[PDB]
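K.L.:
File name start-v1.cif; file contents mmCIF, C-alpha atoms; full text below.
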data_query
#
loop_
_atom_site.label_atom_id
_atom_site.label_comp_id
_atom_site.auth_asym_id
_atom_site.auth_seq_id
_atom_site.Cartn_x
_atom_site.Cartn_y
_atom_site.Cartn_z
CA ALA C 173 44.62 31.98 -46.84
CA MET C 174 46.51 34.81 -48.60
CA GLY C 175 49.26 35.34 -48.98
CA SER C 176 50.52 32.33 -47.19
CA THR C 177 52.75 29.40 -47.91
CA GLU C 178 49.95 27.19 -49.28
CA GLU C 179 48.90 29.98 -51.67
CA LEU C 180 52.43 30.14 -52.98
CA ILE C 181 52.68 26.42 -53.36
CA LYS C 182 49.52 26.19 -55.44
CA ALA C 183 50.63 29.04 -57.71
CA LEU C 184 54.04 27.35 -57.95
CA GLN C 185 52.41 24.06 -59.00
CA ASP C 186 50.34 25.69 -61.78
CA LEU C 187 53.55 26.47 -63.66
CA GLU C 188 54.03 22.76 -64.38
CA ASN C 189 50.94 22.53 -66.53
CA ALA C 190 51.98 25.87 -68.11
CA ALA C 191 54.50 23.92 -70.13
CA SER C 192 52.75 20.74 -71.36
CA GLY C 193 51.15 21.88 -74.67
CA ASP C 194 54.18 24.13 -75.25
CA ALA C 195 56.89 22.44 -77.41
CA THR C 196 54.53 20.52 -79.76
CA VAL C 197 52.47 23.42 -81.13
CA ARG C 198 55.78 25.30 -80.75
CA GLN C 199 57.17 22.81 -83.33
CA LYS C 200 54.17 23.19 -85.61
CA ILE C 201 54.88 26.95 -85.75
CA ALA C 202 58.66 26.38 -85.69
CA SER C 203 58.12 24.74 -89.03
CA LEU C 204 55.47 26.42 -91.19
CA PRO C 205 56.47 26.76 -94.85
CA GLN C 206 58.12 30.03 -95.87
CA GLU C 207 55.34 30.53 -98.42
CA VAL C 208 52.82 31.37 -95.71
CA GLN C 209 54.75 34.34 -94.34
CA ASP C 210 56.77 35.81 -97.18
CA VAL C 211 54.53 37.86 -99.50
CA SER C 212 57.36 38.04 -102.09
CA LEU C 213 56.89 34.39 -102.70
CA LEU C 214 53.35 35.14 -103.95
CA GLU C 215 54.61 36.05 -107.43
CA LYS C 216 55.59 32.42 -107.97
CA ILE C 217 52.05 31.06 -107.99
CA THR C 218 51.04 30.80 -111.59
CA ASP C 219 48.20 28.38 -110.92
CA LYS C 220 44.79 29.15 -109.24
CA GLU C 221 44.62 25.50 -108.21
CA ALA C 222 47.89 25.98 -106.30
CA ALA C 223 46.99 29.47 -105.13
CA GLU C 224 43.79 28.26 -103.52
CA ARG C 225 45.60 25.64 -101.46
CA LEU C 226 48.19 28.09 -100.24
CA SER C 227 45.07 30.07 -99.30
CA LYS C 228 43.77 27.25 -97.08
CA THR C 229 47.21 26.50 -95.53
CA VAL C 230 47.71 30.14 -94.75
CA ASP C 231 44.26 30.23 -93.14
CA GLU C 232 45.01 27.49 -90.72
CA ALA C 233 48.44 28.82 -89.83
CA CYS C 234 46.65 32.02 -89.01
CA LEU C 235 44.44 30.11 -86.60
CA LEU C 236 47.34 28.19 -85.02
CA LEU C 237 49.29 31.33 -84.35
CA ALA C 238 46.38 33.31 -83.00
CA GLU C 239 45.48 30.58 -80.52
CA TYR C 240 49.06 30.11 -79.44
CA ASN C 241 49.58 33.85 -78.92
CA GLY C 242 46.54 33.80 -76.68
CA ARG C 243 47.97 31.01 -74.53
CA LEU C 244 51.38 32.66 -74.34
CA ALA C 245 49.83 35.97 -73.34
CA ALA C 246 47.98 34.25 -70.53
CA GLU C 247 51.07 32.43 -69.31
CA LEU C 248 52.89 35.76 -69.14
CA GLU C 249 50.13 37.30 -67.09
CA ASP C 250 50.31 34.31 -64.73
CA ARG C 251 54.04 34.71 -64.41
CA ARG C 252 53.65 38.34 -63.40
CA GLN C 253 51.20 37.35 -60.70
CA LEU C 254 53.55 34.68 -59.49
CA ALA C 255 56.35 37.24 -59.42
CA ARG C 256 54.38 39.68 -57.23
CA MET C 257 53.42 36.79 -55.05
CA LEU C 258 57.07 35.71 -54.59
CA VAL C 259 58.14 39.24 -53.80
CA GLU C 260 55.46 39.84 -51.22
CA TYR C 261 56.30 36.49 -49.68
CA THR C 262 60.08 36.96 -49.41
CA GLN C 263 59.32 40.37 -47.94
CA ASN C 264 57.13 38.75 -45.24
CA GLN C 265 59.69 36.07 -44.59
CA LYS C 266 62.27 38.68 -43.71
CA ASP C 267 59.91 39.93 -41.03
CA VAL C 268 59.24 36.43 -39.64
CA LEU C 269 62.99 35.90 -39.66
CA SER C 270 63.58 39.06 -37.62
CA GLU C 271 60.99 38.21 -34.99
CA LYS C 272 62.14 34.55 -34.62
CA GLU C 273 65.70 35.81 -34.11
CA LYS C 274 64.45 38.03 -31.33
CA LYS C 275 62.43 35.23 -29.71
CA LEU C 276 65.50 33.01 -29.70
CA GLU C 277 67.63 35.66 -28.06
CA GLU C 278 64.88 35.92 -25.43
CA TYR C 279 65.13 32.16 -24.79
CA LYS C 280 68.92 32.41 -24.53
CA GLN C 281 68.40 35.03 -21.83
CA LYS C 282 66.00 32.71 -20.04
CA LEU C 283 68.45 29.76 -20.35
CA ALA C 284 71.29 31.89 -18.96
CA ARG C 285 69.21 32.85 -15.93
CA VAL C 286 68.10 29.32 -15.21
CA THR C 287 71.71 28.22 -15.60
CA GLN C 288 72.68 30.88 -13.01
CA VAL C 289 70.13 29.77 -10.40
CA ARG C 290 71.35 26.22 -10.98
CA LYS C 291 74.97 27.05 -10.29
CA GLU C 292 74.28 29.10 -7.18
CA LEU C 293 71.80 26.54 -5.89
CA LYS C 294 74.54 23.93 -5.87
CA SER C 295 76.30 26.23 -3.40
CA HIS C 296 73.19 27.06 -1.40
CA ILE C 297 72.12 23.38 -0.92
CA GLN C 298 74.95 22.81 1.54
CA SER C 299 75.06 25.68 4.04
CA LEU C 300 71.62 24.29 5.13
CA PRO C 301 70.89 21.71 7.83
CA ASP C 302 70.56 18.08 6.78
CA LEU C 303 67.97 17.74 9.53
CA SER C 304 67.98 13.90 9.45
CA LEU C 305 70.85 13.78 11.95
CA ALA D 173 66.28 19.66 -60.00
CA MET D 174 68.04 22.47 -58.15
CA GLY D 175 67.38 25.27 -57.88
CA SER D 176 64.57 24.93 -59.50
CA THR D 177 60.91 24.73 -58.71
CA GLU D 178 60.85 21.22 -57.22
CA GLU D 179 63.59 22.19 -54.72
CA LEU D 180 61.70 25.24 -53.52
CA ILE D 181 58.46 23.37 -53.12
CA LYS D 182 60.13 20.87 -50.81
CA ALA D 183 61.86 23.57 -48.72
CA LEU D 184 58.53 25.43 -48.59
CA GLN D 185 56.69 22.43 -47.21
CA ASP D 186 59.35 21.81 -44.58
CA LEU D 187 58.37 25.06 -43.02
CA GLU D 188 54.84 24.19 -41.98
CA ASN D 189 56.02 21.14 -40.23
CA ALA D 190 58.69 22.95 -38.20
CA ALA D 191 55.98 24.73 -36.20
CA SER D 192 54.35 21.37 -35.35
CA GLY D 193 55.70 20.77 -31.80
CA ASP D 194 55.84 24.53 -31.07
CA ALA D 195 53.03 25.77 -28.86
CA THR D 196 53.15 22.98 -26.23
CA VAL D 197 56.90 23.06 -25.34
CA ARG D 198 56.61 26.82 -25.89
CA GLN D 199 53.78 26.75 -23.30
CA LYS D 200 55.70 24.60 -20.80
CA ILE D 201 58.53 27.11 -20.97
CA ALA D 202 55.96 29.89 -20.70
CA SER D 203 54.69 28.60 -17.32
CA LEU D 204 58.12 28.01 -15.82
CA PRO D 205 57.76 29.23 -12.21
CA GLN D 206 59.85 32.19 -11.26
CA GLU D 207 61.69 30.21 -8.59
CA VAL D 208 63.86 28.43 -11.20
CA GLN D 209 65.07 31.65 -12.92
CA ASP D 210 65.29 34.25 -10.17
CA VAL D 211 68.46 33.88 -8.13
CA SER D 212 66.97 36.37 -5.68
CA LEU D 213 64.26 33.93 -4.62
CA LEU D 214 66.87 31.48 -3.27
CA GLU D 215 67.04 33.03 0.21
CA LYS D 216 63.36 32.14 0.86
CA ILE D 217 64.56 28.54 1.04
CA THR D 218 65.19 27.71 4.70
CA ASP D 219 64.91 23.92 4.36
CA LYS D 220 67.39 21.54 2.61
CA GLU D 221 64.49 19.37 1.43
CA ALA D 222 62.70 22.14 -0.50
CA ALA D 223 66.00 23.24 -2.02
CA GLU D 224 66.53 19.74 -3.32
CA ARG D 225 63.06 19.55 -4.83
CA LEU D 226 63.87 22.86 -6.47
CA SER D 227 67.21 21.44 -7.63
CA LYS D 228 65.39 18.69 -9.50
CA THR D 229 62.89 21.13 -11.01
CA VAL D 230 65.62 23.52 -12.13
CA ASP D 231 67.39 20.64 -13.75
CA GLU D 232 64.56 19.64 -16.01
CA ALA D 233 63.88 23.25 -16.90
CA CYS D 234 67.51 23.30 -18.01
CA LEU D 235 67.03 20.39 -20.43
CA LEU D 236 63.75 21.88 -21.76
CA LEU D 237 65.39 25.21 -22.55
CA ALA D 238 68.57 23.76 -24.05
CA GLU D 239 66.76 21.38 -26.42
CA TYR D 240 64.25 24.02 -27.43
CA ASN D 241 67.05 26.52 -28.16
CA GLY D 242 68.72 23.89 -30.32
CA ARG D 243 65.65 23.28 -32.46
CA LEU D 244 65.06 27.04 -32.71
CA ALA D 245 68.65 27.87 -33.80
CA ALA D 246 68.26 25.15 -36.41
CA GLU D 247 64.94 26.54 -37.66
CA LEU D 248 66.65 29.90 -38.12
CA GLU D 249 69.44 28.48 -40.18
CA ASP D 250 66.84 26.71 -42.44
CA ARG D 251 64.89 29.96 -42.85
CA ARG D 252 68.06 31.76 -43.91
CA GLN D 253 68.69 29.14 -46.52
CA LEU D 254 65.05 29.47 -47.76
CA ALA D 255 65.65 33.19 -47.97
CA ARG D 256 68.59 32.58 -50.27
CA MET D 257 66.52 30.16 -52.39
CA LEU D 258 63.54 32.54 -52.67
CA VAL D 259 65.80 35.33 -53.77
CA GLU D 260 67.82 33.36 -56.37
CA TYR D 261 64.53 32.01 -57.74
CA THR D 262 62.83 35.38 -58.10
CA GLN D 263 65.89 36.55 -60.10
CA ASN D 264 65.85 33.52 -62.43
CA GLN D 265 62.10 34.03 -62.84
CA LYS D 266 62.68 37.64 -63.96
CA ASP D 267 65.04 36.20 -66.58
CA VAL D 268 62.50 33.65 -67.80
CA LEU D 269 59.96 36.49 -67.81
CA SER D 270 62.03 38.64 -70.19
CA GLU D 271 62.76 35.77 -72.57
CA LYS D 272 59.10 34.75 -72.71
CA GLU D 273 58.20 38.43 -73.45
CA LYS D 274 60.62 38.61 -76.41
CA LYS D 275 59.52 35.19 -77.65
CA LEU D 276 55.88 36.22 -77.70
CA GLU D 277 56.63 39.50 -79.38
CA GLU D 278 58.36 37.47 -82.13
CA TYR D 279 55.27 35.24 -82.52
CA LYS D 280 53.09 38.35 -82.93
CA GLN D 281 55.56 39.46 -85.59
CA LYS D 282 55.09 36.15 -87.36
CA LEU D 283 51.32 36.56 -87.04
CA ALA D 284 51.49 39.93 -88.82
CA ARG D 285 53.58 38.53 -91.72
CA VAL D 286 51.05 35.69 -92.13
CA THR D 287 48.25 38.24 -92.04
CA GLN D 288 49.87 40.24 -94.83
CA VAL D 289 50.19 37.12 -96.98
CA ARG D 290 46.48 36.45 -96.44
CA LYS D 291 45.43 39.86 -97.83
CA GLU D 292 47.78 40.00 -100.78
CA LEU D 293 46.58 36.47 -101.55
CA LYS D 294 42.92 37.54 -101.61
CA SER D 295 43.97 40.13 -104.22
CA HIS D 296 46.33 37.83 -106.13
CA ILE D 297 43.79 35.02 -106.63
CA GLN D 298 41.71 37.14 -109.08
CA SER D 299 44.71 37.58 -111.32
CA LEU D 300 44.67 33.97 -112.30
CA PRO D 301 42.54 32.11 -114.87
CA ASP D 302 39.92 29.64 -113.70
CA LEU D 303 40.73 27.28 -116.45
CA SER D 304 37.34 25.84 -117.26
CA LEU D 305 37.07 26.90 -120.94
#
Would you kindly transcribe this structure into structure tokens?

P.N.:
Amino acid sequence: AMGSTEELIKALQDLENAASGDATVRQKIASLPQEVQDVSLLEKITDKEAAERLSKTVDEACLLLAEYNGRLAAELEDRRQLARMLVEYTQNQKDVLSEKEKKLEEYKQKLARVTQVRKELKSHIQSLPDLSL
Amino acid sequence: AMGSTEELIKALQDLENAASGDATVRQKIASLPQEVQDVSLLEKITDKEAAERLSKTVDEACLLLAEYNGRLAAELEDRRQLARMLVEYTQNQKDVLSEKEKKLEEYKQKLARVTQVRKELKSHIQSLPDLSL
């Protein structure tokens, strides 16, 4: 049901497998030769044989980064949903808290009253005939 | 491991199973006859024997209400602690949110620089000799 405790737990648990693939591809990008991102390095290629391999390297870095940016974008959208979920839920919990407090004060009233009948009954139990005699 | 997603999941699950015993003891208290809580009913007792049966009844209503109020006061302290956890956690999540936003924006920056190298490379390759005669 929404937006209940189980909902929140499931959404909380899908943050675990939001890491996973993270730091590895993150290290592939973390590296990446400087030649694939600095255009000013291009003047140093004086060989078509070398220039064509930078071309292929560059191509696949382009694919790595595009895919990763897609995953990151999705994770951020998920985090915003999880945020709204948390906020709605803490907001509901404050209500539940207020009502439970009231219920408890109602049961303390009931306990007081029962306690009162108890005390006065101890008095009232004498003052009556023990008709066995 | 505090505090921390794992922490919150555990505290979250210990909320479902605090309502377990609820509705039955809650229902026994609900049906507590008026004779054990109204001191004004005591004068309708004109027989020591009926007053003593009442005395016993009253007594066990007293234990039912005291133990239930103890569990309830405890539940309320746990909910207040969960409140504090939920709130600390939504703040740390807003932090993580901002850092992930900046991180991604930096990876889109890197994507653009790579993109620029791709184009200038497509131009710069026909500027070199295909040595083959």

K.L.:
Write out as a ChimeraX atom specification the residues lying within 9 Å of region 183-189 of chain C, counting all atoms listed in the file and excluding same-chain residues fewer than 6 positions away.

P.N.:
/C:247,250-251,253-254,257 /D:177,181

K.L.:
Write the residues of the preceding selection, restricted to C-alpha atoms, as a PDB file, in the coordinates of the input.

P.N.:
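selection30.pdb, written as the output of this step:
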ATOM      1  CA  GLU C 247      51.070  32.430 -69.310  1.00  0.00           C
ATOM      2  CA  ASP C 250      50.310  34.310 -64.730  1.00  0.00           C
ATOM      3  CA  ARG C 251      54.040  34.710 -64.410  1.00  0.00           C
ATOM      4  CA  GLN C 253      51.200  37.350 -60.700  1.00  0.00           C
ATOM      5  CA  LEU C 254      53.550  34.680 -59.490  1.00  0.00           C
ATOM      6  CA  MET C 257      53.420  36.790 -55.050  1.00  0.00           C
TER       7      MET C 257
ATOM      8  CA  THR D 177      60.910  24.730 -58.710  1.00  0.00           C
ATOM      9  CA  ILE D 181      58.460  23.370 -53.120  1.00  0.00           C
TER      10      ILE D 181
END

K.L.:
Which distance in Å separates CA of residue 194 (chain C) and CA of residue 235 (chain C), to one decimal?

P.N.:
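CA of residue 235 (chain C) lies at a distance of 16.1 Å from CA of residue 194 (chain C).
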
K.L.:
Could you expand the PyMOL selection byres ((chain C) within 8 of (chain D)) into the explicit residues it covers here, written as a PyMOL selection string?

P.N.:
chain C and resi 177+181+184+208-211+214+218-220+223-224+227+230-231+233-234+237-238+241+244-245+248+251-252+255+258-259+262+265-266+269+272-273+276+279-280+282-283+285-290+292-294+296-298+300-303

K.L.:
Counting only C-alpha atoms, figure out which residue out of C:260, C:281, C:295, C:246 gets nearest to residue 190 (chain C).

P.N.:
C:246

K.L.:
Using CA of residue 243 (chain D) and CA of residue 193 (chain D) as the two end points, give the distance in Å to one decimal.

P.N.:
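Between these atoms lies a distance of 10.3 Å.
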
K.L.:
Using all atoms listed in the file, which residue out of C:304, C:274, C:264, C:205 lies closest to residue 176 (chain C)?

P.N.:
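For residue 176 (chain C), the nearest of the given residues is C:264.
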
K.L.:
Padding 3 Å on every side, please: axis-aligned box over the listed atoms of region 282-285 of chain C, centre and edge lengths to one decimal in Å, as lines of an AutoDock Vina configuration file.

P.N.:
center_x = 68.6
center_y = 31.3
center_z = -18.1
size_x = 11.3
size_y = 9.1
size_z = 10.4

K.L.:
Tell me, in Å to one decimal, how far CA of residue 271 (chain D) is from CA of residue 174 (chain C).

P.N.:
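Spanning CA of residue 271 (chain D) to CA of residue 174 (chain C) is a straight-line distance of 29.0 Å.
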
K.L.:
Take region 204-240 of chain C, bring it up to N, CA and C atoms, and give me the output as a PDB file, keeping the file's coordinate frame.

P.N.:
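Listing of rebuild34.pdb after writing:
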ATOM      1  N   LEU C 204      56.256  25.501 -90.368  1.00  0.00           N
ATOM      2  CA  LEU C 204      55.470  26.420 -91.190  1.00  0.00           C
ATOM      3  C   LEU C 204      56.278  26.843 -92.408  1.00  0.00           C
ATOM      4  N   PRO C 205      55.805  26.428 -93.591  1.00  0.00           N
ATOM      5  CA  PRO C 205      56.470  26.760 -94.850  1.00  0.00           C
ATOM      6  C   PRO C 205      56.695  28.262 -94.980  1.00  0.00           C
ATOM      7  N   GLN C 206      57.760  28.628 -95.677  1.00  0.00           N
ATOM      8  CA  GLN C 206      58.120  30.030 -95.870  1.00  0.00           C
ATOM      9  C   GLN C 206      57.121  30.779 -96.758  1.00  0.00           C
ATOM     10  N   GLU C 207      56.287  30.007 -97.446  1.00  0.00           N
ATOM     11  CA  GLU C 207      55.340  30.530 -98.420  1.00  0.00           C
ATOM     12  C   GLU C 207      54.156  31.217 -97.769  1.00  0.00           C
ATOM     13  N   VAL C 208      53.936  30.862 -96.503  1.00  0.00           N
ATOM     14  CA  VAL C 208      52.820  31.370 -95.710  1.00  0.00           C
ATOM     15  C   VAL C 208      53.155  32.668 -94.956  1.00  0.00           C
ATOM     16  N   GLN C 209      54.396  33.125 -95.058  1.00  0.00           N
ATOM     17  CA  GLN C 209      54.750  34.340 -94.340  1.00  0.00           C
ATOM     18  C   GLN C 209      55.517  35.346 -95.186  1.00  0.00           C
ATOM     19  N   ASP C 210      56.078  34.882 -96.294  1.00  0.00           N
ATOM     20  CA  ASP C 210      56.770  35.810 -97.180  1.00  0.00           C
ATOM     21  C   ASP C 210      55.849  36.155 -98.367  1.00  0.00           C
ATOM     22  N   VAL C 211      55.434  37.415 -98.438  1.00  0.00           N
ATOM     23  CA  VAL C 211      54.530  37.860 -99.500  1.00  0.00           C
ATOM     24  C   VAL C 211      55.222  37.901-100.873  1.00  0.00           C
ATOM     25  N   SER C 212      56.556  37.940-100.864  1.00  0.00           N
ATOM     26  CA  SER C 212      57.360  38.040-102.090  1.00  0.00           C
ATOM     27  C   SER C 212      57.415  36.716-102.787  1.00  0.00           C
ATOM     28  N   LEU C 213      56.991  35.684-102.082  1.00  0.00           N
ATOM     29  CA  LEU C 213      56.890  34.390-102.700  1.00  0.00           C
ATOM     30  C   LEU C 213      55.605  34.298-103.523  1.00  0.00           C
ATOM     31  N   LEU C 214      54.662  35.215-103.282  1.00  0.00           N
ATOM     32  CA  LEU C 214      53.350  35.140-103.950  1.00  0.00           C
ATOM     33  C   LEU C 214      53.440  35.226-105.491  1.00  0.00           C
ATOM     34  N   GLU C 215      54.458  35.911-105.992  1.00  0.00           N
ATOM     35  CA  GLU C 215      54.610  36.050-107.430  1.00  0.00           C
ATOM     36  C   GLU C 215      54.919  34.720-108.113  1.00  0.00           C
ATOM     37  N   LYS C 216      55.241  33.691-107.346  1.00  0.00           N
ATOM     38  CA  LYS C 216      55.590  32.420-107.970  1.00  0.00           C
ATOM     39  C   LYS C 216      54.388  31.490-108.193  1.00  0.00           C
ATOM     40  N   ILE C 217      53.196  31.936-107.825  1.00  0.00           N
ATOM     41  CA  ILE C 217      52.050  31.060-107.990  1.00  0.00           C
ATOM     42  C   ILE C 217      51.387  31.426-109.301  1.00  0.00           C
ATOM     43  N   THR C 218      51.509  30.524-110.255  1.00  0.00           N
ATOM     44  CA  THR C 218      51.040  30.800-111.590  1.00  0.00           C
ATOM     45  C   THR C 218      49.858  29.896-111.868  1.00  0.00           C
ATOM     46  N   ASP C 219      49.287  29.342-110.803  1.00  0.00           N
ATOM     47  CA  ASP C 219      48.200  28.380-110.920  1.00  0.00           C
ATOM     48  C   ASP C 219      47.129  28.567-109.808  1.00  0.00           C
ATOM     49  N   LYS C 220      45.900  28.930-110.193  1.00  0.00           N
ATOM     50  CA  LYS C 220      44.790  29.150-109.240  1.00  0.00           C
ATOM     51  C   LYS C 220      44.538  27.935-108.347  1.00  0.00           C
ATOM     52  N   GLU C 221      44.790  26.763-108.907  1.00  0.00           N
ATOM     53  CA  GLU C 221      44.620  25.500-108.210  1.00  0.00           C
ATOM     54  C   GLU C 221      45.620  25.429-107.049  1.00  0.00           C
ATOM     55  N   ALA C 222      46.820  25.957-107.291  1.00  0.00           N
ATOM     56  CA  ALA C 222      47.890  25.980-106.300  1.00  0.00           C
ATOM     57  C   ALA C 222      47.695  27.138-105.326  1.00  0.00           C
ATOM     58  N   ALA C 223      47.208  28.248-105.883  1.00  0.00           N
ATOM     59  CA  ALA C 223      46.990  29.470-105.130  1.00  0.00           C
ATOM     60  C   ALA C 223      45.871  29.267-104.111  1.00  0.00           C
ATOM     61  N   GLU C 224      44.885  28.446-104.451  1.00  0.00           N
ATOM     62  CA  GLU C 224      43.790  28.260-103.520  1.00  0.00           C
ATOM     63  C   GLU C 224      44.186  27.358-102.343  1.00  0.00           C
ATOM     64  N   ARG C 225      45.103  26.422-102.584  1.00  0.00           N
ATOM     65  CA  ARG C 225      45.600  25.640-101.460  1.00  0.00           C
ATOM     66  C   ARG C 225      46.556  26.389-100.561  1.00  0.00           C
ATOM     67  N   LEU C 226      47.412  27.240-101.130  1.00  0.00           N
ATOM     68  CA  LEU C 226      48.190  28.090-100.240  1.00  0.00           C
ATOM     69  C   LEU C 226      47.185  28.881 -99.412  1.00  0.00           C
ATOM     70  N   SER C 227      46.090  29.324-100.032  1.00  0.00           N
ATOM     71  CA  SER C 227      45.070  30.070 -99.300  1.00  0.00           C
ATOM     72  C   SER C 227      44.575  29.291 -98.071  1.00  0.00           C
ATOM     73  N   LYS C 228      44.272  28.001 -98.238  1.00  0.00           N
ATOM     74  CA  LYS C 228      43.770  27.250 -97.080  1.00  0.00           C
ATOM     75  C   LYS C 228      44.868  27.029 -95.998  1.00  0.00           C
ATOM     76  N   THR C 229      46.077  26.665 -96.441  1.00  0.00           N
ATOM     77  CA  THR C 229      47.210  26.500 -95.530  1.00  0.00           C
ATOM     78  C   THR C 229      47.438  27.728 -94.689  1.00  0.00           C
ATOM     79  N   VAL C 230      47.570  28.844 -95.387  1.00  0.00           N
ATOM     80  CA  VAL C 230      47.710  30.140 -94.750  1.00  0.00           C
ATOM     81  C   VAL C 230      46.613  30.350 -93.701  1.00  0.00           C
ATOM     82  N   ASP C 231      45.371  30.032 -94.061  1.00  0.00           N
ATOM     83  CA  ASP C 231      44.260  30.230 -93.140  1.00  0.00           C
ATOM     84  C   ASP C 231      44.462  29.494 -91.823  1.00  0.00           C
ATOM     85  N   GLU C 232      44.920  28.257 -91.934  1.00  0.00           N
ATOM     86  CA  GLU C 232      45.010  27.490 -90.720  1.00  0.00           C
ATOM     87  C   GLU C 232      46.266  27.817 -89.917  1.00  0.00           C
ATOM     88  N   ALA C 233      47.298  28.323 -90.589  1.00  0.00           N
ATOM     89  CA  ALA C 233      48.440  28.820 -89.830  1.00  0.00           C
ATOM     90  C   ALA C 233      48.021  30.045 -89.065  1.00  0.00           C
ATOM     91  N   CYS C 234      47.107  30.803 -89.650  1.00  0.00           N
ATOM     92  CA  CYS C 234      46.650  32.020 -89.010  1.00  0.00           C
ATOM     93  C   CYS C 234      45.938  31.598 -87.733  1.00  0.00           C
ATOM     94  N   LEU C 235      45.141  30.532 -87.810  1.00  0.00           N
ATOM     95  CA  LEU C 235      44.440  30.110 -86.600  1.00  0.00           C
ATOM     96  C   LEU C 235      45.382  29.536 -85.525  1.00  0.00           C
ATOM     97  N   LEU C 236      46.398  28.793 -85.961  1.00  0.00           N
ATOM     98  CA  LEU C 236      47.340  28.190 -85.020  1.00  0.00           C
ATOM     99  C   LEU C 236      48.063  29.279 -84.240  1.00  0.00           C
ATOM    100  N   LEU C 237      48.488  30.307 -84.960  1.00  0.00           N
ATOM    101  CA  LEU C 237      49.290  31.330 -84.350  1.00  0.00           C
ATOM    102  C   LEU C 237      48.461  32.217 -83.459  1.00  0.00           C
ATOM    103  N   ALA C 238      47.218  32.476 -83.846  1.00  0.00           N
ATOM    104  CA  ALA C 238      46.380  33.310 -83.000  1.00  0.00           C
ATOM    105  C   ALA C 238      46.103  32.613 -81.652  1.00  0.00           C
ATOM    106  N   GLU C 239      45.813  31.314 -81.735  1.00  0.00           N
ATOM    107  CA  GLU C 239      45.480  30.580 -80.520  1.00  0.00           C
ATOM    108  C   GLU C 239      46.694  30.507 -79.602  1.00  0.00           C
ATOM    109  N   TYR C 240      47.839  30.215 -80.211  1.00  0.00           N
ATOM    110  CA  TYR C 240      49.060  30.110 -79.440  1.00  0.00           C
ATOM    111  C   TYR C 240      49.421  31.442 -78.781  1.00  0.00           C
TER     112      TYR C 240
END
